[PDB]
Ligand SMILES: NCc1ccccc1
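The chain that follows stands alone, in the form solved without the named molecule, written as structure tokens.
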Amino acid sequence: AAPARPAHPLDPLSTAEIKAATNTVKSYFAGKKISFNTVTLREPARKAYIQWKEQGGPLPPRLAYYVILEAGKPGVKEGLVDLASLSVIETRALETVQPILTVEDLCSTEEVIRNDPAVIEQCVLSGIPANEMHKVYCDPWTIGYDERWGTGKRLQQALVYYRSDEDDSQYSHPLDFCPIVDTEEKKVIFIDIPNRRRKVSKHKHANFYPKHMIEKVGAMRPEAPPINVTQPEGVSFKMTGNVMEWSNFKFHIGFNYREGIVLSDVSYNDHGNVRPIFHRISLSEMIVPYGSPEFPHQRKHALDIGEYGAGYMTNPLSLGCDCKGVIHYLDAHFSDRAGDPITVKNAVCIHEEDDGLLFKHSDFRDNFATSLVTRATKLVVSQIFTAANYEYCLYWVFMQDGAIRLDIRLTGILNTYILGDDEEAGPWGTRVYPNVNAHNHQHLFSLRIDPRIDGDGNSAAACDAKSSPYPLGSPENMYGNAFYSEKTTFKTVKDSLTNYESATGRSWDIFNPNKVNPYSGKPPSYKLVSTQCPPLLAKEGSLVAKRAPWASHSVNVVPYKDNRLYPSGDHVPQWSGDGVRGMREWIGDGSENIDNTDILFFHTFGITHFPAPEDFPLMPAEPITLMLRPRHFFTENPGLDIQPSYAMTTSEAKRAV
């Protein structure tokens, strides 16, 4: 009764595999009341995968990682199931952590608060009658961290809002108080109540559907005439299960509950020479730290990936109108609390689109009659997830010059808190609507790159543009114009801990010091070009800085070890930030070698958001991007064998008298 093996060792667990895993765990815990928090692929060891792929090695065993809760027991148990033998092969109890909050965990909280007498009383005081609790809503957040309870109970905090009508957007009407909910007992254990009470706003809700806009401004704009994009002869990409082949790239598209999209085993076919570039690339953690110091707002610093899961939160893309053209979809499969497989249909959208000019050059000599123009196509692998108020639109983009870009668009709704009639929002927030305070915050992301640049044994470096040190008027720099790129190769982990610097236009290289470009004499590399790299604004030693040790630097590079995925640790909710785990453990004392070995490159990037009224009641998409581009990887522009859209040589131009 063992489940069928996948097409490919990195494929996510099938529904049959998930059911097999949960059957096995229920049997192992026979007679105990357990509930499933996470059931997900435990990916093969890096060595095992690579030997299977390239050296005729054995197929790695199919393993399931699980996290469960047991009625009446603190914390969690976790372990591994060997799927071929239907057996639990590793197990341990962690009594003092709390795990990722699932959709089921969060879907239960509104009923809890609506029926709680102490919450009802606070609504009455706040100007909402006791019989109108159906109009009170909350966004159920991780408590994040609260030093009154630590990890001793599993807790949520309910950010409470009011709707006059169920079709309203509730965010114009936050209430003043914050219930704390025991997730497993399903009760309110405390309510944070501010010293200055602010009753519910009496303003109209700030709404945004067409029927609302017609009331607000009189009419919708006329429907614009259509801009139709078609691919009547299909696409150039080919999928074989989860394996993508496009413009010489080949890679595996994976997906899990936490990271969402995971791109693996990325190679480029350089005229028959298939060259590895990356073993794995994904987003591994986030943190969205808010900037109001007033209590209890310090508890808004969601680590969305580790506390809710970019997979668990992902939107089905069918009706989303962001997968246009001829597309390919992938589903995602998770477990529910009962241990049954659940599906998100069309979680991943794959499509190719026009990306402007790839390159062009014309000769002035014959008035540009000698000319070659080639248009670019990009391949886009995307998902969109919803983290209560916000939407994160993630686009992994492959390009025909061999570069890879991550484009993010942020949209959805500002998180809001109540503002008194006479209360000033600034300097920690903006009054984006009457009685609405949209607090300042950052959105920060931890990109995790496991490189294999042109094969094994890699290094990383900071690259800084510098004027020559010789002064103007010296024999060395007579006219003062000389400049160069200073490359600082990181020898130990400590050397790698570095920030973006505008003063040198810093970039970072990930390179293979065992190989040399036969033209330039430099090692083959991919260069990270990324300028949206905010400093972490929370202080050293703050709750934010402690729980996200990775976020303090733009770049952290540590040795590879299997299962080094998550840089705020494996179980993130309610960790105080004290202890050696995640990135803090990997960095250690900073002395380990990272030159010419198997490395892991974690990049912090994102934005700092000071809200303005343009962002409300629904925010226009805000862009974030970074690129990984080949430098000294190829010996020439690798797109030159793409047929031009137009080409005329000099001889041809002359012939056209």
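Heads up: residue numbers just count along the shown sequence, starting at 1.
Another form, the form solved in complex with the named molecule, is not on view; read the next lines as being about it.
Among residues of the shown chain, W149 is not one whose heavy atoms approach the named molecule to within 4.5 Å in the deposited bound form. Taking the partner from the other structure, the named molecule in the deposited bound form has a heavy atom within 4.5 Å of a heavy atom of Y390.
The closest non-hydrogen atom of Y162 lies beyond 4.5 Å of the named molecule in the deposited bound form. At a distance threshold of 4.5 angstroms between non-hydrogen atoms, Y526 is out of contact with the named molecule in the deposited bound form. Screening 252 to 260, 572 to 580, 298 to 306, 370 to 378 for residues having heavy atoms within 4.5 Å of the named molecule in the deposited bound form returns a single hit, 298 to 306.
Note on the partner interface in the deposited bound form: the residue among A118, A425, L106, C323 having a heavy atom within 4.5 angstroms of the named molecule is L106. Among the residues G402, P140, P549, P174, the one placing a heavy atom within 4.5 Å of the named molecule in the deposited bound form is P140.
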